[PDB]
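Numbers here simply count residues along the sequence, with the first being 1. Hydrogens, waters and symmetry mates are skipped; everything else that's a heavy atom, side chains included, is used. Indexing begins at 1, ligand by ligand and atom by atom, following the structure's order.
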Amino acid sequence: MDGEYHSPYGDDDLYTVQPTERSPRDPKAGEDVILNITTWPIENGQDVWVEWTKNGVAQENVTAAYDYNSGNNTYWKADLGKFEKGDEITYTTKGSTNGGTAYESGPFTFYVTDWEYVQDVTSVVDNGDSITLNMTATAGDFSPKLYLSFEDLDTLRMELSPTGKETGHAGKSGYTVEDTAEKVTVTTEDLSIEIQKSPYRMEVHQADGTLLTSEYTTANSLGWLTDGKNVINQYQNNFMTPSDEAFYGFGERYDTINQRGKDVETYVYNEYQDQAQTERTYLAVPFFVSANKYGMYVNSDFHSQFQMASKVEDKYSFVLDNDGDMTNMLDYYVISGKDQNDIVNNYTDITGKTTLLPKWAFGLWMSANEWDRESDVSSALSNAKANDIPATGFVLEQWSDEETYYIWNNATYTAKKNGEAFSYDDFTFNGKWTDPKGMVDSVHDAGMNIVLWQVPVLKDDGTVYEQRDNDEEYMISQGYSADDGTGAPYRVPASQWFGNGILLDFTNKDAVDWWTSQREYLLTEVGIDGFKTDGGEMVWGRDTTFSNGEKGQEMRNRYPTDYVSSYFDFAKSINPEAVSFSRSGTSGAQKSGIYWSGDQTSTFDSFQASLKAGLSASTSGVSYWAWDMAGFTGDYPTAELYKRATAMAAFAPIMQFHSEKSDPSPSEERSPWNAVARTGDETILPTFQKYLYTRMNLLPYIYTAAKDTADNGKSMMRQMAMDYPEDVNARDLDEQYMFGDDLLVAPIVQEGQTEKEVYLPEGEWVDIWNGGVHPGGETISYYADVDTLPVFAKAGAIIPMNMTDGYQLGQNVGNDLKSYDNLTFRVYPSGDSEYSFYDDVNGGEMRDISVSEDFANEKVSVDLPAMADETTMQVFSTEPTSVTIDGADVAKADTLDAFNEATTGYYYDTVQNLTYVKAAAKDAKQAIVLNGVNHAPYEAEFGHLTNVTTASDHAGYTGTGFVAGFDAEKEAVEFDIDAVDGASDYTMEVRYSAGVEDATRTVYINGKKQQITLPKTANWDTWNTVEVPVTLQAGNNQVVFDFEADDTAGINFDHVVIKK
Ligand SMILES: OC[C@H]1O[C@@H]2OC[C@H]3O[C@H](O[C@@H]4[C@@H](O)[C@@H](OC[C@H]5O[C@H](O[C@H]([C@H]2O)[C@@H]1O)[C@H](O)[C@@H](O)[C@@H]5O)O[C@H](CO)[C@H]4O)[C@H](O)[C@@H](O)[C@@H]3O
Ligand SMILES: OC[C@H]1O[C@H](OC[C@H]2O[C@H](O)[C@H](O)[C@@H](O)[C@@H]2O)[C@H](O)[C@@H](O)[C@@H]1O
Ligand SMILES: [Ca+2]
Ligand SMILES: [Cl-]
Ligand SMILES: [Cl-]
Ligand SMILES: [Mg+2]
Ligand SMILES: [Mg+2]
Ligand SMILES: [Mg+2]
Ligand SMILES: [Mg+2]
Ligand SMILES: [Mg+2]
């Protein structure tokens, strides 16, 4: 016998076990305890046994029996039997061959547990800023205490002390209590908390009485798992949930946006590519938002399992782990708010606000693992320029020596001792990187910023490399690693990524200062702009111990955020414009930069999953989210996937392309120029350009939304139910979302699809590309070829943009971040709307713009505040008869060139139905009024057409053309028309041409028929308007124009306008 081995918890992995563990790891009462033991080599005459005590009394030895052999080893099972709650078992496993050398493992101790639950509230003590509920338990001899406090008047905090020896924290005092013999009610202006005393049971209501959530119907819902003497290993609570409740968030989730029916694990993990299928994630957060208008946050870094109607149909539960410490209270919050986004804001009050990033973060980020030398970088920059791709972000991954990870590849130097930091001058730069500072300089010269890839582990694959060995030596001697629980440094389990490597203990300030000081020259001298801090999901083992005294169970989820946050703050301390780009974290991750969805494939299935990950991450407070556009590996994406992915990426929080392969032939770059090369489809380039340029045109709206995230907790990209939680059609949507406050984006995420369903909530929605109007409250069908993305503006939207003199979306404005070309505000008038623009170009002043729609009196008014730049309003309406600024008429410009050369004026874009109004910069409010205007036209060519087509051969039409002829039976044009101001009579203007003879058409208004006369126009190049009286009602009015048997003559139908 060369050895024996048993270790009850193995690596403490949630998904797998080592072959020498105890099962169950933590025995409960009535569970059979099995010890898996190994001996080597495989040899006859081996004896394996267990020496042990139960409650301090020696037991008869238990003999192990063989299980199987594998490799050089024999595996055995020793059966200890079942135990009762309270039993303390201590054991040593032993092996020997023929009475000789006994080898052993242990001693190991476990305490047998069982569940104890809250029974009744015996007394209530109101301390003014906290309330204590003294309770009885269903079993055992504890005297538990549940403390209630208010983090705010709409945010309830519960802290449970099973033994009653701990005390909860103070909160707000603005509550009242109505305590009676059978019940206690705690009320604030936002919540009503009703608590039955016997048995204890809590219901959380809004002040108006509406139920938010409640503990399970049978009570005894709240519990702890204990042996009654030494340990508390888990906590649980159970709640009632009706069949229709939807549950969002839980960190970044790849399988579904609605976790109803799932057992959700709060456990960070590095799962390569099949995150959806395994239901795993790098970024896990114990916070969810329910469409029933509340969120719940379990405040603990230990692993938890959320059982969302996965066991019993009307029950959800959380089971939270603990390390045994009986003084650790259960601490969770039930979070209300003014709306769903305010619930997220309240959550970030507790766990941390998003840190506003510099504007460069919101441009295109270019990346490819294959970029591994200076010539690759100069080529990327030249290709970007040759293809008119003004990106703002650049990433290097394969930049280092691949040993120390803070030294440029090929650099030579005099190896240092004692972890002393190098300076740029210490190195002689060779081969792939002859001048790193110059390389960096060239990136900045192109208007981009660079980040370098990092890991939180000191590599140790057993190979010899002088400087790495020097650092490992120093790190261990300073106690800069975490401890394995025996005085030795913690190493990542062997079979994992960076197996055998030593983690830097990021809880240890001195260790962090040392680790970062090795990277300092990169920021102070080389001039980088941040780090792509990869990995973090590397803490295994229960006995793993950190300088803060916490161990592995508690630190696994926290470690990656301690790591990311440590680098983020460090980089920023030296360079205020620095940005981190990471993948792993837990609650609080949002404070430290960008999170991307990790490693996926270039397929539509993966694209769908990526969108689910961004939507769930959003609800969980991680707003600055990215993904590898079109996937980073697998067979190269098809032109169709690359085009569909580019569209979505451009209308996402962070836009970034990337690829896995280190030295492929041909190139695996997910760049647009390489995509053209690989697919042979040259049309990819102008489509990518269109989207990238549109994003840059929208950068003012995007960056303002980025600031709203930081200040008010509203994520940039949001699942539909975050804005419409009561809308039954919005609950499960995962192929569209809101972007900023006012844009609805509906990416085509299915292969071969061109008929896109888009669910439109209540109100009016306008296609931002062409001015097509879509009343809300139904699912429409939008024809989207491979180059097209449905995007719609909400009623009342005010959207800042940076336009060229062309003034259309999709025109290249460049990547200048320090000035605007033509600062423009796109407006869709609807009642009174306001917007606060973040003018970062001019010191970050908030510009409060308001708009007052008054179509009933043919007017739209804009109150423009003082600005530092010339402004152009683009207002969706019919053509004005006049426009005033401060009561003085501004000049009408007949052409766009004339509009551009003017200092002030107005111009009507006939194709887009937009009135441009130009105002000069002034240190004073300016009152703009558009007179004689009506709601924009409903274009006939955008209507639902039956057996009739469009044309554009006779000039003077609005929109893109008109419906041509429309002169045969069963030919029809149907509009979806909104009442401008509620149910009422209105005048409908019908614009047409009838160059040959008088005509008539039949019109149906919500089923009510009338015939209209359309007299002859001078010729087909002459348009006329006819006014028809209609009665419209609230919502969507179906207005169908038909050519019936008694109708006559051909016309060209331009549009209809609704007015008073
Ligand atoms: O050759 C010139 C002529 O060609 C097309 O039609 C010939 C069409 O003429 C007479 O009928 C038309 C009918 O089709 C419809 O026309 C509307 C259409 O008019 C112009 O285009 C016609 C073509 O249809 C063109 O002049 C115009 O440019 C276009 O924009 C309009 O949509 O309705 C008119 C009025 O009732 C009718 O006169 C003729 O009766 C028929 O035999 C012949 O096929
Ligand atoms: O939102 C309106 C409309 O947008 C697209 O169609 C625009 C398209 O409509 C007609 O075919 C005109 O003749 C063209 O000039 C326009 O480009 C969507 O495909 C459609 O579904 C949507 O309703
Ligand atoms: Ca038209
Ligand atoms: Cl007209
Ligand atoms: Cl009517
Ligand atoms: Mg699906
Ligand atoms: Mg609040
Ligand atoms: Mg290369
Ligand atoms: Mg700098
Ligand atoms: Mg009004």
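Taking the Mg ion (ligand 8) as reference, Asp372 places its N/O/S atom OD1 nearest. Note on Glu370: its N/O/S atom closest to the Mg ion (ligand 8) is O. The Mg ion (ligand 8) sits nearest to atom OD2 when only the N, O or S atoms of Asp376 are considered.
For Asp663, every N, O or S atom stays at 2.8 Å or more from the Mg ion (ligand 8).
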Practice prompt. I would like to know whether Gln600 and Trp627 meet side-chain hydrogen bond (donor to acceptor under 3.5 Å, both in side chains); could you show each step before the answer?
Written response: CA-CA 9 Å; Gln600 310 180 250; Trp627 68 300; over 6 Å; no

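A salt bridge links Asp461 and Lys459; the closest N-O separation between the charged side-chain nitrogens and carboxylate oxygens is under 4.0 Å.
Of the possible polar contacts, none joining the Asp1042 side chain to the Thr1002 backbone as a donor-acceptor pair under 3.5 Å is found. Although no hydrogens or angles enter the test, the distance criterion places no donor-acceptor pair under 3.5 Å between the side chain of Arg644 and the main chain of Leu641.
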